[PDB]
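Enquirer: Take this structure, written in structure tokens, and hold onto it; I'll ask about it next.
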Number of protein chains: 2
Amino acid sequence: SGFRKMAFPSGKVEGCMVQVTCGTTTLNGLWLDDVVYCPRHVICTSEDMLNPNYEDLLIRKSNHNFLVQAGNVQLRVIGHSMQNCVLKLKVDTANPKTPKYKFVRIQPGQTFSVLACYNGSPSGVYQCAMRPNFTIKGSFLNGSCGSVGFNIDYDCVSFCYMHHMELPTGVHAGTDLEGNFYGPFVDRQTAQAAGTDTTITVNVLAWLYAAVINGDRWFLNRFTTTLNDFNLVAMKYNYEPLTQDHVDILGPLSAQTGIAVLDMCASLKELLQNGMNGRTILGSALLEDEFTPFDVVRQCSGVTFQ
Amino acid sequence: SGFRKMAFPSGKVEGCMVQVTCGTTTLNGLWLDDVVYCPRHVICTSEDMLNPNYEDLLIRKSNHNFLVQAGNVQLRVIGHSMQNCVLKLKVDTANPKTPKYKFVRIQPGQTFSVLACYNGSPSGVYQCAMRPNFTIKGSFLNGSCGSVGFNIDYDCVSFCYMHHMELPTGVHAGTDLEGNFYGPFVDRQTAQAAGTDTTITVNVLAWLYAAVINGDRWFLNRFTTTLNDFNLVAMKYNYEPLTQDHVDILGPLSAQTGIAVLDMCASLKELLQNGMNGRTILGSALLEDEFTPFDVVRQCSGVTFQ
């Protein structure tokens with residue numbers, strides 16, 4: 001029993017992290033097979049970041065200007081390419097630790113693990129959600145760019161996120177592994193607005209189900225509700241609206257606990273309109289939205305990976 | 001910027017996890033060099049757990065009764081030994097992935113990462129604290145026993161915890177890697193009382209300093225206080241008392257932020273006596289005590305490991 005914000009085991013990713021240096025700037029890269037993926041702003045100095053012309057800047061750089069380092073071994077860059085916002089640095093040797101991997105573009109509200117790295121060296125791992133406004137509330141210091149987010153199917157690592165920027169508001173932005181930003185952000189040091197951040201309702205419901213499974217039942221209320229009437233209240237508290245797809249996704253959790261999804265919605269609705277009155281749920285005084293319904297089933301059923 | 005409950009990268013540990021089977025029971029083992037460490041109650045059936053005579057039970061078991069499996073390879077048990085509450089299963093092959101390691105007995109209030117495993121296969125990693133009552137509030141399903149907790153010095157893994165038991169209260173108990181339980185617990189399925197759990201005050205102060213560093217300053221109050229007067233209030237709220245050693249440990253955080261330790265104590269004292277009034281600190285509505293002063297400096301300075 002018990003419930004924790006669990007990250008995926010990071011080993012399969014740790015062996016893919018390299019240090020990329022272009023000029024003075026050094027950040028992290030992802031060494032899969034014979035391509036090193038890293039943020040293209042590695043080619044930028046502090047001045048260039050304010051208004052970078054990446055095509056022009058990249059053209060002033062040559063293969064020999066990129067120093068890729070993995071531990072105390074050096075990789076030779078035999079080719080460089082820019083895909084949207086990622087640099088593809090083709091090196092001469094394929095990473096012998098290359099796991100079975102997938103590149104995926106996740107949707108807001110999905111969770112993944114981040115391996116936070118500095119100088120190509122892992123410092124820690126934590127689980128987070130892609131906010132509905134396509135930011136992440138991470139922990140990234142200077143030099144952590146190129147840190148990646150991932151999910152692990154049993155033997156297959158799904159890379160979904162590469163860190164690029166800390167917005168001036170202190171939240172973090174990045175791309176998928178094809179270099180396409182999540183959200184409306186660009187890799188330039190300018191003020192950039194993230195949209196209104198909403199709470200991921202289906203995740204909160206998932207976590208409520210986890211709370212029931214772990215014995216926290218006090219929020220099971222006397223009421224029920226409709227999906228239309230629930231969404232009316234959720235809109236007021238900046239919760240994303242619930243769809244039938246979300247109900248369908250919560251099906252197994254409803255079956256395991258004997259609590260229909262709309263009955264849990266009535267409990268959540270009451271939690272929103274009346275708060276938690278100095279009480280907790282799974283140790284939290286706030287409603288948690290960084291567990292998907294799949295995270296809950298995974299943790300409550302103990303699925304493992306390679 | 002930003003702050004997250006970061007776990008250590010788990011790769012160095014993942015390659016040490018094996019599956020141990022004795023009779024019907026299967027749990028996790030730790031394969032270091034040529035010794036597999038696992039909970040001795042692997043030799044127990046469900047009935048034996050209520051009143052196990054481990055010496056007698058172990059004597060009824062032979063080397064060929066222990067099936068150690070790592071992936072799809074089998075390890076041959078060439079010897080078995082019981083050290084306090086751990087079984088030492090000497091196998092014929094030394095783990096080629098054996099990291100530089102240390103066995104350490106940590107003190108209550110210290111943090112470490114747990115690699116939660118089932119059938120010898122990693123399912124997730126999370127950071128936790130050893131409570132002052134020598135329990136841990138983990139996430140362990142059936143078959144997760146033998147999961148280990150660890151810290152990572154740059155290249156050296158310090159194993160500090162092996163999971164053995166979920167207490168009937170749903171909290172978790174285990175041993176160091178020499179088999180000595182943390183706390184007054186025994187590995188038998190009987191009601192076992194954990195002491196009063198207190199909040200780890202020096203950790204809460206560390207996390208306050210992290211909050212200042214990350215821009216959460218509203219709790220910096222108009223007051224100051226003495227170490228004697230602070231401990232008077234902390235005792236009322238089930239906070240462990242603060243020593244000069246704790247003050248000395250917080251020294252660097254005090255230097256970085258320009259806030260004397262006793263001034264932070266006055267802020268914490270006010271937080272205790274008056275609550276947080278529906279406000280948050282680093283995203284939390286509760287005071288967090290699972291970051292040590294070293295965790296904060298580590299995360300705020302971005303120290304890395306092998």
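Naming works like this for the structure tokens: A, B, ... for the chains as they're shown, residue 1 at the start of each chain, ligands 1 onward in shown order.
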Please report as a ChimeraX atom specification which residues of chain B come no farther than 9 Å from chain A, using only C-alpha atoms.
Expert: /B:1-15,71,115-127,137-142,144,166,170-172,214,284-286,298-306
Enquirer: Just the residues within 10 Å of residue 246 (chain A), please, counting only C-alpha atoms, with nothing from its chain fewer than 5 positions along; format it as a PyMOL selection string.
Expert: chain A and resi 201-203+205+241+251+261+293
Enquirer: Got a sec: who's within 7 Å of residue 86 (chain B), counting only C-alpha atoms, leaving out chain neighbours fewer than 6 positions off, as a ChimeraX atom specification?
Expert: /B:37-40,178-179
Enquirer: Which of these residues is nearest to residue 234 (chain B), using only C-alpha atoms: B:279, B:222, B:269, B:61?
Expert: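 For residue 234 (chain B), the nearest of the candidates is B:269.
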Enquirer: Could you tell me how far CA of residue 148 (chain B) lies from CA of residue 49 (chain B), in Å and to one decimal?
Expert: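 About the pair CA of residue 148 (chain B) and CA of residue 49 (chain B): they are 20.9 Å apart.
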Enquirer: With DSSP run on the backbone, what are the helix (DSSP H, G or I) residues within region 102-233 of chain B? I'd like them as an NGL selection string.
Expert: :B and (201-213 or 227-233)
Enquirer: Would you please extract all strand (DSSP E or B) residues from region 117-190 of chain B, as assigned by DSSP on the backbone, and give them as a PyMOL selection string?
Expert: chain B and resi 117-118+121-129+136+148-153+156-166+172-175+181
Enquirer: Which neighbours of residue 268 (chain B) fall inside 10 Å, counting only C-alpha atoms, when residues of the same chain fewer than 6 positions from it are skipped, and could you give them as a list in words?
Expert: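 Surrounding residues, per the criterion: residues 201, 204, 205, 208, 219, 220, 221, 230, 233, 234, 262, 274, 275 and 287 of chain B.
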Enquirer: Counting only C-alpha atoms, figure out which residue out of B:162, B:75, B:186, B:136 gets nearest to residue 28 (chain B).
Expert: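 Of B:162, B:75, B:186, B:136, the one nearest residue 28 (chain B) is B:162, counting only C-alpha atoms.
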Enquirer: What does the distance from CA of residue 255 (chain B) to CA of residue 297 (chain B) come to in Å, to one decimal?
Expert: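 One can read the CA of residue 255 (chain B) to CA of residue 297 (chain B) distance as 11.7 Å.
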Enquirer: Work out how far apart CA of residue 187 (chain B) and CA of residue 157 (chain B) are and give it in Å to one decimal.
Expert: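 Separation between CA of residue 187 (chain B) and CA of residue 157 (chain B): 25.8 Å.
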